[PDB]
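K.L.:
Handing you this structure, nothing more for now.
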Amino acid sequence: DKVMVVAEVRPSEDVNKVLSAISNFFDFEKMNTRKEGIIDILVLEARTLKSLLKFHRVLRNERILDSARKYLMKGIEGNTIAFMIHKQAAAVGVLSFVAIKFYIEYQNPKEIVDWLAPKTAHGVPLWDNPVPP
Amino acid sequence: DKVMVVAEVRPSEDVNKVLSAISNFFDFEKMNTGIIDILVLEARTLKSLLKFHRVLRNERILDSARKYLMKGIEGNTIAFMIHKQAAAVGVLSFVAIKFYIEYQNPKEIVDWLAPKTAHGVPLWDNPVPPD
């Protein structure tokens with residue numbers, strides 16, 4: 001029941017700018033770094049979906065719930081949801097789906113899509129569920 | 001007549017790492033700066049490419065450089081690119097880092113930087129072209 005974000009850091013990149021871009025939407029708890037040549041790979045993890053509260057908030061402040069529901073629904077596979085957001089956009093405080101990789105381990109994935117990406121009527125959320133248990 | 005290097009600096013990149021990348025092969029005399037920054041570095045003397053000149057010989061890639069440099073000639077300019085990440089780690093690999101050289105006799109630049117070779121050895125060793 002954890003979330004994991006993976007992102008690369010090339011030699012011209014500043015590991016702290018990548019982590020800071022991710023912090024905009026993810027309050028990670030753990031971090032290990034791995035390599036694939038001259039490229040570092042960040043694997044960030046958190047145990048609770050609460051770690052995605054800032055993600056929940058941005059989808060609303062940006063008014064892109066419509067778009068987020070399709071990307072998230074499409075990203076469901078089994079008991080996991082996987083999606084990607086634009087890295088540079090993220091670096092400037094903007095969330096845009098498409099890189100920063102997100103992986104969510106949860107039994108009822110659908111409850112996650114509805115929690116942060118509800119259907120909308122004229123931009124207004126048709127419902128506002130609490131963070132899934 | 002000048003040497004100019006242009007490189008992008010994305011929000012996730014460190015301008016210092018990109019400047020260091022270029023520093024491995026070029027010594028700028030001045031620099032200028034959507035959500036992406038464009039770094040423009042330039043020099044007025046060809047001595048600014050002495051590091052480049054040294055690396056092609058040390059790593060013994062003269063043949064490869066001549067090919068890329070010669071084809072890079074258009075009119076009185078020479079245009080070519082090198083790999084950003086490779087350059088960030090000190091490696092010179094020809095293609096995001098763009099080189100633009102203005103000079104009235106471009107082939108001289110090429111023969112200075114990348115002499116034709118026979119059996120892996122430079123057939124000539126010209127001095128840096130004037131200016």
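All residue names refer to the structure tokens as shown: chains lettered A, B, ... in order, residues numbered from 1 in each chain, ligands numbered from 1 in order.
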Which chain B residues are at most 7 Å from chain A (counting only C-alpha atoms), as a compact mmCIF listing (two decimals) with C-alpha atoms, in the first residue's frame?
P.N.:
# COMPACT_ATOMS: atom_id res chain seq x y z
CA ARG B 10 16.18 23.23 -18.64
CA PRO B 11 14.51 23.88 -15.26
CA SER B 12 15.91 20.52 -14.09
CA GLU B 13 19.47 21.38 -15.22
CA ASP B 14 22.25 23.30 -13.47
CA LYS B 17 27.10 21.87 -15.00
CA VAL B 18 26.35 22.98 -18.56
CA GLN B 85 25.70 14.61 -21.30
CA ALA B 88 29.18 17.11 -19.00
CA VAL B 89 31.42 14.17 -18.00
K.L.:
Could you pull out the strand (DSSP E) residues of region 9-119 of chain B, going by DSSP on the backbone, and write them as a list in words?
P.N.:
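Those residues are residues 9, 30, 31, 32, 37, 38, 39, 40, 41, 42, 43, 77, 78, 79, 80, 81, 82, 97, 98, 99, 100, 101, 102, 117 and 118 of chain B.
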K.L.:
Could you check which of B:33, B:90, B:97, B:25 is closest to residue 50 (chain B), using only C-alpha atoms?
P.N.:
B:25
K.L.:
Write down as a tab-separated table (two decimals) with C-alpha atoms, in the first residue's frame the residues belonging to chain A that are assigned helix (DSSP H, G or I) by DSSP computed on the backbone.
P.N.:
chain	number	residue	atom	x	y	z
A	15	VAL	CA	19.63	16.12	-8.37
A	16	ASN	CA	18.09	18.73	-6.05
A	17	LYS	CA	16.07	20.37	-8.80
A	18	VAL	CA	14.61	16.99	-9.76
A	19	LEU	CA	13.76	16.21	-6.11
A	20	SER	CA	12.36	19.71	-5.62
A	21	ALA	CA	10.18	19.35	-8.75
A	22	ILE	CA	8.78	16.08	-7.35
A	23	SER	CA	8.21	17.55	-3.87
A	49	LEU	CA	-1.60	7.87	0.01
A	50	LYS	CA	-1.41	11.02	2.17
A	51	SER	CA	1.94	11.45	0.44
A	52	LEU	CA	-0.14	12.46	-2.58
A	53	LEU	CA	-2.13	15.23	-0.91
A	54	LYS	CA	-0.30	17.91	-2.91
A	55	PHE	CA	-1.10	15.97	-6.09
A	56	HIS	CA	-4.76	15.91	-5.05
A	57	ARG	CA	-4.66	19.69	-4.53
A	58	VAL	CA	-2.89	20.64	-7.79
A	59	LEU	CA	-5.34	18.74	-9.98
A	60	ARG	CA	-7.97	21.11	-8.61
A	61	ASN	CA	-6.02	24.39	-8.56
A	65	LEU	CA	-9.62	16.93	-13.30
A	66	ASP	CA	-11.16	15.93	-16.61
A	67	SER	CA	-7.77	15.18	-18.12
A	68	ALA	CA	-6.41	13.57	-14.98
A	69	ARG	CA	-9.24	11.02	-14.74
A	70	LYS	CA	-8.56	9.60	-18.17
A	71	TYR	CA	-4.78	9.42	-17.64
A	72	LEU	CA	-5.19	7.80	-14.24
A	73	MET	CA	-7.93	5.43	-15.29
A	74	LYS	CA	-5.85	4.43	-18.29
A	87	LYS	CA	9.55	16.66	-15.65
A	88	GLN	CA	10.32	20.24	-16.73
A	89	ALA	CA	6.74	21.34	-16.22
A	90	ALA	CA	6.91	19.82	-12.76
A	91	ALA	CA	10.13	21.75	-12.12
A	109	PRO	CA	-7.19	1.47	-7.86
A	110	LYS	CA	-10.53	2.94	-8.94
A	111	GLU	CA	-10.94	4.49	-5.48
A	112	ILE	CA	-7.72	6.42	-6.09
A	113	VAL	CA	-8.84	7.86	-9.43
A	114	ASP	CA	-12.16	9.00	-7.91
A	115	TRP	CA	-10.41	10.42	-4.86
A	116	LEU	CA	-8.19	12.79	-6.82
K.L.:
Kindly indicate which residue among B:79, B:114, B:69, B:35 lies nearest to residue 5 (chain B), using only C-alpha atoms for the distances.
P.N.:
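Of all the options, B:79 lies closest to residue 5 (chain B).
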K.L.:
Using only C-alpha atoms, which residue out of A:127, A:103, A:35, A:94 lies closest to residue 6 (chain A)?
P.N.:
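Residue with the minimum atom-to-atom distance to residue 6 (chain A): A:103.
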K.L.:
Between A:41, A:117, A:104, A:126, which residue has the minimum interatomic distance to residue 64 (chain A), considering only C-alpha atoms?
P.N.:
A:117
K.L.:
Would you pick out the contacts of residue 93 (chain B) at 9 Å or less, using only C-alpha atoms, so that residues sharing its chain but fewer than 3 positions from it are not included, and give the list as a list in words?
P.N.:
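Listing them by chain and then by number gives residues 81, 82, 83, 84, 86 and 87 of chain B.
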K.L.:
Contacts of region 72-74 of chain B at 12 Å or less, counting only C-alpha atoms, minus same-chain residues fewer than 2 places along, as a PyMOL selection string?
P.N.:
chain B and resi 65-70+76-81+94-95+98-110
K.L.:
Just to confirm, what's the straight-line distance from CA of residue 91 (chain B) to CA of residue 75 (chain B) in Å (one decimal)?
P.N.:
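Those two atoms sit 28.5 Å apart.
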K.L.:
Could you state the separation of CA of residue 86 (chain A) and CA of residue 41 (chain B) in Å, given to one decimal place?
P.N.:
28.5 Å
K.L.:
For residue 45 (chain B), work out the shell of residues within 9 Å, counting only C-alpha atoms and skipping chain neighbours fewer than 6 positions away, then give it as a compact mmCIF listing (two decimals) with C-alpha atoms, in the first residue's frame.
P.N.:
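Ended up saving to out_6.txt:
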# COMPACT_ATOMS: atom_id res chain seq x y z
CA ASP B 1 35.00 36.28 -36.98
CA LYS B 2 34.04 34.54 -33.71
CA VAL B 3 33.32 31.32 -31.88
CA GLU B 29 35.12 35.57 -23.32
CA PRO B 130 45.24 34.22 -37.30
CA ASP B 131 42.76 36.16 -35.12
